[PDB]
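Participant: My structure file data20.txt, compact mmCIF, N, CA and C atoms and all ligand atoms, is below:
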```txt
# COMPACT_ATOMS: atom_id res chain seq x y z
N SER A 1 11.44 2.62 -21.59
CA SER A 1 11.12 1.20 -21.24
C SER A 1 9.64 1.04 -20.90
N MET A 2 9.27 -0.11 -20.35
CA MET A 2 7.88 -0.38 -20.01
C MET A 2 7.72 -0.65 -18.52
N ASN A 3 6.53 -0.35 -18.02
CA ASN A 3 6.13 -0.74 -16.69
C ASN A 3 5.66 -2.19 -16.71
N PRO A 4 5.79 -2.89 -15.57
CA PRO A 4 5.21 -4.22 -15.47
C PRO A 4 3.70 -4.09 -15.33
N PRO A 5 2.97 -5.19 -15.54
CA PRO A 5 1.55 -5.12 -15.19
C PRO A 5 1.42 -4.81 -13.70
N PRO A 6 0.35 -4.12 -13.31
CA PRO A 6 0.19 -3.80 -11.89
C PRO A 6 -0.16 -5.05 -11.08
N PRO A 7 -0.02 -4.99 -9.75
CA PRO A 7 -0.45 -6.14 -8.96
C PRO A 7 -1.94 -6.39 -9.14
N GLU A 8 -2.35 -7.65 -9.14
CA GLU A 8 -3.76 -7.96 -9.32
C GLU A 8 -4.59 -7.41 -8.15
N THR A 9 -5.82 -7.01 -8.46
CA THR A 9 -6.77 -6.57 -7.43
C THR A 9 -7.97 -7.50 -7.31
N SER A 10 -8.01 -8.54 -8.14
CA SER A 10 -9.01 -9.59 -8.04
C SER A 10 -8.45 -10.85 -8.68
N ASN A 11 -9.03 -11.99 -8.32
CA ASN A 11 -8.57 -13.29 -8.80
C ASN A 11 -9.66 -14.32 -8.51
N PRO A 12 -10.21 -14.96 -9.57
CA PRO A 12 -11.28 -15.94 -9.37
C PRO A 12 -10.86 -17.19 -8.60
N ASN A 13 -9.56 -17.47 -8.58
CA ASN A 13 -9.03 -18.65 -7.91
C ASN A 13 -8.60 -18.42 -6.46
N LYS A 14 -8.63 -17.17 -6.01
CA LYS A 14 -8.25 -16.83 -4.64
C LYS A 14 -9.51 -16.66 -3.78
N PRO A 15 -9.67 -17.50 -2.74
CA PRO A 15 -10.83 -17.33 -1.86
C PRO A 15 -10.91 -15.93 -1.26
N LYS A 16 -12.13 -15.41 -1.18
CA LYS A 16 -12.37 -14.04 -0.77
C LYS A 16 -13.13 -14.05 0.54
N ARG A 17 -12.94 -13.00 1.33
CA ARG A 17 -13.58 -12.92 2.62
C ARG A 17 -13.69 -11.48 3.10
N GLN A 18 -14.70 -11.24 3.92
CA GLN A 18 -14.82 -10.00 4.66
C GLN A 18 -14.82 -10.36 6.14
N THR A 19 -13.97 -9.68 6.89
CA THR A 19 -13.95 -9.78 8.35
C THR A 19 -14.08 -8.36 8.89
N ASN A 20 -14.44 -8.24 10.16
CA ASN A 20 -14.52 -6.92 10.79
C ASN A 20 -13.16 -6.22 10.80
N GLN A 21 -12.08 -7.00 10.85
CA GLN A 21 -10.73 -6.44 10.78
C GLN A 21 -10.44 -5.84 9.41
N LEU A 22 -10.84 -6.55 8.35
CA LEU A 22 -10.69 -6.03 6.99
C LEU A 22 -11.58 -4.81 6.77
N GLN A 23 -12.78 -4.82 7.34
CA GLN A 23 -13.67 -3.66 7.28
C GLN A 23 -13.03 -2.44 7.95
N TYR A 24 -12.38 -2.67 9.09
CA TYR A 24 -11.64 -1.63 9.81
C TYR A 24 -10.45 -1.11 8.99
N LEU A 25 -9.72 -2.02 8.36
CA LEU A 25 -8.58 -1.63 7.52
C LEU A 25 -9.00 -0.69 6.37
N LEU A 26 -10.18 -0.91 5.80
CA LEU A 26 -10.69 -0.03 4.75
C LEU A 26 -11.27 1.27 5.34
N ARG A 27 -12.17 1.13 6.31
CA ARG A 27 -12.91 2.27 6.86
C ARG A 27 -12.04 3.24 7.66
N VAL A 28 -11.11 2.71 8.45
CA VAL A 28 -10.31 3.52 9.37
C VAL A 28 -8.88 3.73 8.85
N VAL A 29 -8.18 2.65 8.53
CA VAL A 29 -6.75 2.73 8.24
C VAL A 29 -6.49 3.31 6.85
N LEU A 30 -7.03 2.66 5.82
CA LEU A 30 -6.84 3.11 4.44
C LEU A 30 -7.36 4.53 4.25
N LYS A 31 -8.58 4.80 4.72
CA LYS A 31 -9.18 6.14 4.60
C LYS A 31 -8.32 7.23 5.24
N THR A 32 -7.87 6.99 6.47
CA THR A 32 -7.01 7.94 7.18
C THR A 32 -5.75 8.23 6.37
N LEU A 33 -5.10 7.18 5.87
CA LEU A 33 -3.87 7.35 5.10
C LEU A 33 -4.12 8.02 3.75
N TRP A 34 -5.21 7.63 3.08
CA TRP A 34 -5.52 8.12 1.74
C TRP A 34 -5.65 9.64 1.67
N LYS A 35 -6.20 10.25 2.72
CA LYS A 35 -6.44 11.69 2.76
C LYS A 35 -5.25 12.50 3.30
N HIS A 36 -4.20 11.81 3.73
CA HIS A 36 -3.01 12.48 4.27
C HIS A 36 -2.30 13.31 3.19
N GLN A 37 -1.71 14.43 3.60
CA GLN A 37 -1.04 15.36 2.69
C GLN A 37 -0.01 14.69 1.77
N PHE A 38 0.71 13.71 2.30
CA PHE A 38 1.78 13.02 1.57
C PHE A 38 1.36 11.68 0.96
N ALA A 39 0.06 11.40 0.91
CA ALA A 39 -0.43 10.11 0.39
C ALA A 39 -0.28 9.98 -1.12
N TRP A 40 -0.37 11.09 -1.84
CA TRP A 40 -0.55 11.04 -3.29
C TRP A 40 0.48 10.23 -4.09
N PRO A 41 1.79 10.27 -3.72
CA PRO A 41 2.72 9.44 -4.50
C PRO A 41 2.52 7.94 -4.30
N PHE A 42 1.79 7.57 -3.25
CA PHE A 42 1.52 6.17 -2.92
C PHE A 42 0.13 5.69 -3.35
N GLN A 43 -0.63 6.54 -4.04
CA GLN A 43 -2.03 6.23 -4.38
C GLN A 43 -2.18 5.42 -5.67
N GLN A 44 -1.07 5.13 -6.34
CA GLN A 44 -1.08 4.32 -7.56
C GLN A 44 0.28 3.66 -7.74
N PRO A 45 0.36 2.62 -8.57
CA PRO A 45 1.66 2.01 -8.85
C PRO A 45 2.70 3.01 -9.33
N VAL A 46 3.95 2.80 -8.96
CA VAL A 46 5.04 3.66 -9.43
C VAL A 46 5.14 3.56 -10.96
N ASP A 47 4.91 4.68 -11.64
CA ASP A 47 5.07 4.75 -13.09
C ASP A 47 6.53 5.08 -13.37
N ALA A 48 7.35 4.04 -13.46
CA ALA A 48 8.80 4.18 -13.67
C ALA A 48 9.15 4.84 -15.00
N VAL A 49 8.25 4.76 -15.98
CA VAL A 49 8.49 5.35 -17.30
C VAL A 49 8.35 6.87 -17.21
N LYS A 50 7.19 7.35 -16.78
CA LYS A 50 6.90 8.79 -16.74
C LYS A 50 7.70 9.52 -15.65
N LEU A 51 8.10 8.81 -14.60
CA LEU A 51 8.95 9.38 -13.55
C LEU A 51 10.44 9.25 -13.89
N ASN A 52 10.75 8.64 -15.03
CA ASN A 52 12.12 8.45 -15.49
C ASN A 52 12.97 7.71 -14.44
N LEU A 53 12.51 6.52 -14.07
CA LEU A 53 13.20 5.66 -13.11
C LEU A 53 13.42 4.28 -13.74
N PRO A 54 14.34 4.19 -14.72
CA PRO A 54 14.51 2.95 -15.50
C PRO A 54 14.88 1.71 -14.68
N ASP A 55 15.52 1.91 -13.53
CA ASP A 55 15.98 0.80 -12.69
C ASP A 55 14.99 0.42 -11.58
N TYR A 56 13.86 1.11 -11.48
CA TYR A 56 12.95 0.87 -10.36
C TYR A 56 12.50 -0.58 -10.28
N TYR A 57 11.99 -1.11 -11.38
CA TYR A 57 11.50 -2.49 -11.41
C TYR A 57 12.60 -3.52 -11.63
N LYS A 58 13.84 -3.06 -11.81
CA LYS A 58 15.01 -3.93 -11.71
C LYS A 58 15.37 -4.20 -10.25
N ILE A 59 15.04 -3.25 -9.37
CA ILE A 59 15.35 -3.33 -7.94
C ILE A 59 14.15 -3.81 -7.12
N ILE A 60 12.97 -3.25 -7.42
CA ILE A 60 11.74 -3.59 -6.71
C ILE A 60 10.97 -4.67 -7.48
N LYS A 61 10.99 -5.89 -6.96
CA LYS A 61 10.33 -7.04 -7.59
C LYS A 61 8.97 -7.39 -6.97
N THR A 62 8.64 -6.77 -5.84
CA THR A 62 7.34 -6.95 -5.20
C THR A 62 6.69 -5.58 -4.99
N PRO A 63 6.32 -4.90 -6.09
CA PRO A 63 5.74 -3.56 -5.93
C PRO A 63 4.39 -3.58 -5.23
N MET A 64 4.08 -2.50 -4.53
CA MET A 64 2.79 -2.35 -3.89
C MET A 64 2.53 -0.88 -3.64
N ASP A 65 1.25 -0.52 -3.63
CA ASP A 65 0.82 0.87 -3.48
C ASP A 65 -0.58 0.89 -2.86
N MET A 66 -0.99 2.04 -2.36
CA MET A 66 -2.29 2.15 -1.70
C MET A 66 -3.48 2.07 -2.64
N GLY A 67 -3.30 2.41 -3.91
CA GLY A 67 -4.38 2.26 -4.89
C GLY A 67 -4.75 0.79 -5.01
N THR A 68 -3.73 -0.05 -5.12
CA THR A 68 -3.89 -1.49 -5.20
C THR A 68 -4.55 -2.02 -3.93
N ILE A 69 -4.05 -1.59 -2.77
CA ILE A 69 -4.61 -2.02 -1.49
C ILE A 69 -6.07 -1.60 -1.36
N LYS A 70 -6.37 -0.36 -1.72
CA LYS A 70 -7.74 0.14 -1.70
C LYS A 70 -8.67 -0.76 -2.51
N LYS A 71 -8.27 -1.06 -3.75
CA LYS A 71 -9.07 -1.91 -4.63
C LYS A 71 -9.19 -3.34 -4.10
N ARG A 72 -8.11 -3.87 -3.53
CA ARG A 72 -8.14 -5.21 -2.95
C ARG A 72 -9.15 -5.28 -1.82
N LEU A 73 -9.15 -4.27 -0.95
CA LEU A 73 -10.12 -4.18 0.13
C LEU A 73 -11.55 -4.07 -0.41
N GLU A 74 -11.76 -3.18 -1.38
CA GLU A 74 -13.08 -3.00 -1.99
C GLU A 74 -13.59 -4.26 -2.69
N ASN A 75 -12.68 -5.05 -3.25
CA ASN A 75 -13.03 -6.28 -3.97
C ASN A 75 -13.08 -7.55 -3.10
N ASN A 76 -12.91 -7.40 -1.78
CA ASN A 76 -12.80 -8.54 -0.86
C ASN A 76 -11.69 -9.52 -1.26
N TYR A 77 -10.65 -9.00 -1.89
CA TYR A 77 -9.54 -9.81 -2.40
C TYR A 77 -8.87 -10.62 -1.29
N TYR A 78 -8.74 -10.02 -0.11
CA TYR A 78 -8.02 -10.65 0.99
C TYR A 78 -8.88 -11.67 1.72
N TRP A 79 -8.22 -12.67 2.30
CA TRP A 79 -8.85 -13.60 3.22
C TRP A 79 -8.78 -13.09 4.65
N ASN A 80 -7.67 -12.44 5.01
CA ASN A 80 -7.50 -11.95 6.37
C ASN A 80 -6.75 -10.62 6.45
N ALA A 81 -6.74 -10.02 7.64
CA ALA A 81 -6.11 -8.73 7.85
C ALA A 81 -4.61 -8.78 7.64
N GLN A 82 -3.97 -9.88 8.02
CA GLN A 82 -2.52 -10.03 7.88
C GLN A 82 -2.06 -9.84 6.44
N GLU A 83 -2.83 -10.35 5.47
CA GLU A 83 -2.47 -10.18 4.06
C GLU A 83 -2.42 -8.70 3.68
N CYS A 84 -3.39 -7.95 4.18
CA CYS A 84 -3.47 -6.52 3.90
C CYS A 84 -2.35 -5.74 4.59
N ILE A 85 -2.11 -6.06 5.86
CA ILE A 85 -1.02 -5.45 6.61
C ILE A 85 0.30 -5.71 5.89
N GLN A 86 0.49 -6.93 5.40
CA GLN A 86 1.69 -7.27 4.64
C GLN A 86 1.86 -6.36 3.42
N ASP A 87 0.77 -6.07 2.71
CA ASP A 87 0.84 -5.18 1.56
C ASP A 87 1.28 -3.76 1.95
N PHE A 88 0.72 -3.23 3.03
CA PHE A 88 1.18 -1.94 3.54
C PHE A 88 2.68 -1.96 3.85
N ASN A 89 3.12 -3.00 4.55
CA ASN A 89 4.53 -3.11 4.93
C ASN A 89 5.44 -3.19 3.72
N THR A 90 5.00 -3.94 2.70
CA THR A 90 5.74 -4.04 1.45
C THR A 90 5.88 -2.67 0.78
N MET A 91 4.78 -1.92 0.73
CA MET A 91 4.79 -0.57 0.17
C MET A 91 5.84 0.31 0.84
N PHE A 92 5.87 0.30 2.16
CA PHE A 92 6.80 1.15 2.90
C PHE A 92 8.24 0.68 2.70
N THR A 93 8.49 -0.61 2.87
CA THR A 93 9.83 -1.17 2.73
C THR A 93 10.41 -0.93 1.33
N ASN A 94 9.58 -1.11 0.30
CA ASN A 94 10.03 -0.82 -1.07
C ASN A 94 10.57 0.60 -1.18
N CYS A 95 9.84 1.55 -0.60
CA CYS A 95 10.22 2.95 -0.64
C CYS A 95 11.59 3.14 0.02
N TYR A 96 11.78 2.51 1.17
CA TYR A 96 13.05 2.62 1.90
C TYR A 96 14.20 1.90 1.18
N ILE A 97 13.89 0.81 0.48
CA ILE A 97 14.90 0.07 -0.28
C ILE A 97 15.40 0.87 -1.49
N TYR A 98 14.47 1.42 -2.26
CA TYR A 98 14.83 2.06 -3.53
C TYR A 98 15.47 3.44 -3.35
N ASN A 99 14.94 4.23 -2.43
CA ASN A 99 15.34 5.63 -2.28
C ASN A 99 16.44 5.82 -1.24
N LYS A 100 17.09 6.99 -1.28
CA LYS A 100 18.15 7.32 -0.33
C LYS A 100 17.50 7.80 0.98
N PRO A 101 18.13 7.53 2.14
CA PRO A 101 17.51 7.81 3.44
C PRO A 101 17.02 9.25 3.67
N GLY A 102 17.67 10.23 3.05
CA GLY A 102 17.30 11.64 3.26
C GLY A 102 16.40 12.25 2.20
N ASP A 103 15.81 11.41 1.35
CA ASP A 103 14.99 11.86 0.22
C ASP A 103 13.61 12.25 0.73
N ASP A 104 12.97 13.21 0.05
CA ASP A 104 11.65 13.68 0.44
C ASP A 104 10.62 12.55 0.48
N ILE A 105 10.64 11.69 -0.53
CA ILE A 105 9.70 10.56 -0.60
C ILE A 105 9.84 9.63 0.62
N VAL A 106 11.05 9.49 1.15
CA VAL A 106 11.27 8.66 2.34
C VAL A 106 10.65 9.30 3.58
N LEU A 107 10.80 10.61 3.73
CA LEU A 107 10.15 11.32 4.84
C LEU A 107 8.62 11.28 4.72
N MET A 108 8.12 11.33 3.49
CA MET A 108 6.68 11.18 3.24
C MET A 108 6.21 9.79 3.65
N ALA A 109 6.97 8.77 3.25
CA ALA A 109 6.68 7.38 3.65
C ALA A 109 6.72 7.21 5.16
N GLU A 110 7.74 7.79 5.80
CA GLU A 110 7.90 7.68 7.25
C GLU A 110 6.73 8.29 8.02
N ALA A 111 6.20 9.41 7.52
CA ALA A 111 5.03 10.04 8.12
C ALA A 111 3.80 9.14 8.00
N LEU A 112 3.60 8.55 6.82
CA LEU A 112 2.47 7.66 6.58
C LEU A 112 2.57 6.38 7.41
N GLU A 113 3.78 5.83 7.53
CA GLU A 113 3.99 4.61 8.30
C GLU A 113 3.71 4.83 9.78
N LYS A 114 4.11 5.99 10.30
CA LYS A 114 3.84 6.34 11.70
C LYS A 114 2.34 6.32 11.96
N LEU A 115 1.58 6.95 11.06
CA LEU A 115 0.13 7.00 11.15
C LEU A 115 -0.50 5.61 10.98
N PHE A 116 0.02 4.85 10.02
CA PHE A 116 -0.41 3.47 9.81
C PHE A 116 -0.27 2.65 11.09
N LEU A 117 0.91 2.71 11.71
CA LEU A 117 1.17 1.95 12.93
C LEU A 117 0.26 2.39 14.08
N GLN A 118 -0.02 3.69 14.17
CA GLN A 118 -0.96 4.20 15.16
C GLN A 118 -2.36 3.62 14.96
N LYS A 119 -2.80 3.51 13.71
CA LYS A 119 -4.15 3.03 13.42
C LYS A 119 -4.31 1.52 13.56
N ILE A 120 -3.32 0.74 13.12
CA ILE A 120 -3.41 -0.72 13.26
C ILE A 120 -3.18 -1.18 14.70
N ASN A 121 -2.66 -0.29 15.55
CA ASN A 121 -2.55 -0.56 16.98
C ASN A 121 -3.91 -0.86 17.62
N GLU A 122 -4.96 -0.23 17.09
CA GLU A 122 -6.32 -0.43 17.58
C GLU A 122 -7.16 -1.32 16.65
N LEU A 123 -6.50 -2.19 15.89
CA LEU A 123 -7.20 -3.17 15.07
C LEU A 123 -8.09 -4.00 16.00
N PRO A 124 -9.40 -4.07 15.71
CA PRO A 124 -10.30 -4.77 16.62
C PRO A 124 -10.06 -6.28 16.64
N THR A 125 -10.50 -6.93 17.71
CA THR A 125 -10.49 -8.39 17.77
C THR A 125 -11.46 -8.92 16.73
N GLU A 126 -11.12 -10.05 16.11
CA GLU A 126 -11.97 -10.63 15.07
C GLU A 126 -13.27 -11.15 15.67
N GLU A 127 -14.37 -10.92 14.95
CA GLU A 127 -15.70 -11.35 15.38
C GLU A 127 -16.24 -12.42 14.44
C1 LIG B 201 6.21 5.97 -3.68
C2 LIG B 201 7.56 5.83 -4.30
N1 LIG B 201 8.32 4.83 -3.95
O1 LIG B 201 9.52 4.96 -4.70
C3 LIG B 201 9.40 6.04 -5.48
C4 LIG B 201 10.56 6.35 -6.36
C5 LIG B 201 8.20 6.63 -5.27
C6 LIG B 201 7.69 7.85 -5.94
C7 LIG B 201 8.41 9.04 -5.88
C8 LIG B 201 7.96 10.16 -6.49
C9 LIG B 201 6.73 10.17 -7.21
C10 LIG B 201 6.20 11.33 -7.88
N2 LIG B 201 6.80 12.59 -7.88
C11 LIG B 201 8.18 12.89 -7.77
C12 LIG B 201 8.99 12.65 -8.88
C13 LIG B 201 10.35 12.94 -8.84
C14 LIG B 201 10.91 13.48 -7.71
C15 LIG B 201 10.14 13.74 -6.60
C16 LIG B 201 8.77 13.46 -6.59
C17 LIG B 201 7.97 13.79 -5.30
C18 LIG B 201 8.84 13.64 -4.05
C19 LIG B 201 7.49 15.24 -5.34
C20 LIG B 201 6.74 12.90 -5.07
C21 LIG B 201 4.95 11.16 -8.55
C22 LIG B 201 4.26 12.25 -9.31
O2 LIG B 201 4.98 13.32 -9.49
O3 LIG B 201 3.13 12.11 -9.75
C23 LIG B 201 4.34 9.91 -8.53
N3 LIG B 201 4.79 8.85 -7.93
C24 LIG B 201 5.99 8.96 -7.27
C25 LIG B 201 6.49 7.81 -6.62
```
If you took the structure in this file and wrote it as structure tokens, what would it be?
Facilitator:
Amino acid sequence: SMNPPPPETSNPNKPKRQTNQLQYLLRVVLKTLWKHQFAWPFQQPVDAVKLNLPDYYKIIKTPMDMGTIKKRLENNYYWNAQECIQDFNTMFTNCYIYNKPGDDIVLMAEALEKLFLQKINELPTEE
């Protein structure tokens, strides 16, 4: 079968912005997660074809991954921090929805989410 197009990382019709919170999300949160031992399966869109997961995009209709988030941050795609936090949450929830609770990928996601929550706990006040 085929993969869907990936989520957009830029859009001329979407207002763009940089805030200190978004700067923190790229510099501190994304960077910390990106270098984690278990980050790699989350660093790009799920390739359902090459991973032989024909039902993935039948079940997951709002895909998200850290590669997309990284690019969105780099492109000033977001208007605010909440949009970016929502993308992280979508990434984690998708993983928990599609996979079985005791699967390795779920434990990998759980480790990353714990670290994510630790880092966004110190999200600075907006300036
Ligand atoms: C993230 C994510 N969310 O749902 C799924 C499904 C994934 C996912 C899972 C595995 C990936 C993967 N490797 C792979 C393939 C089959 C079984 C087990 C794995 C492990 C646990 C080793 C990662 C790769 C890869 O092998 O490159 C890429 N993306 C994946 C996404």
Participant: Enter the distance from atom CA of residue A:104 to atom CA of residue A:117, in Å, rounded to one decimal.
Facilitator: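 Separating atom CA of residue A:104 from atom CA of residue A:117 is a distance of 20.1 Å.
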Participant: Counting only N, CA and C atoms and all ligand atoms, name the residues that have an atom within 8 Å of an atom of ligand LIG 201 (chain B); the answer should be given as a ChimeraX atom specification.
Facilitator: /A:40-48,50-53,56,64-65,91-92,94-99,103-106,108-109
Participant: Using DSSP on the backbone, list every residue of chain A that comes out as helix (DSSP H, G or I), and give them as JSON, numbers by chain.
Facilitator: {"A": [20, 21, 22, 23, 24, 25, 26, 27, 28, 29, 30, 31, 32, 33, 34, 40, 41, 42, 56, 57, 58, 59, 66, 67, 68, 69, 70, 71, 72, 73, 74, 81, 82, 83, 84, 85, 86, 87, 88, 89, 90, 91, 92, 93, 94, 95, 96, 97, 98, 104, 105, 106, 107, 108, 109, 110, 111, 112, 113, 114, 115, 116, 117, 118, 119, 120]}
Participant: Find the distance between atom C of residue A:70 and atom CA of residue A:26 and write it in Å to one decimal.
Facilitator: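 According to the coordinates, atom C of residue A:70 and atom CA of residue A:26 are separated by 7.6 Å.
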Participant: What gap, in Å, lies between atom N of residue A:3 and atom C of residue A:72?
Facilitator: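 According to the coordinates, atom N of residue A:3 and atom C of residue A:72 are separated by 23.1 Å.
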Participant: Counting only N, CA and C atoms, I want the residues whose atoms come within 7 Å of (-8.7, 1.5, 4.3) in the file frame, returned as a PyMOL selection string.
Facilitator: chain A and resi 23-33+69-70
Participant: Identify which of the residues A:102, A:124, A:15, A:63 lies closest to residue A:77, counting all atoms listed in the file when measuring atom-to-atom distances.
Facilitator: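 Smallest separation from residue A:77 among the options: A:15.
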Participant: Find, counting all atoms listed in the file, the residue in A:66, A:54, A:18, A:60 that gets nearest to residue A:34.
Facilitator: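 Answer, going by the shortest atom-to-atom distance: A:66.
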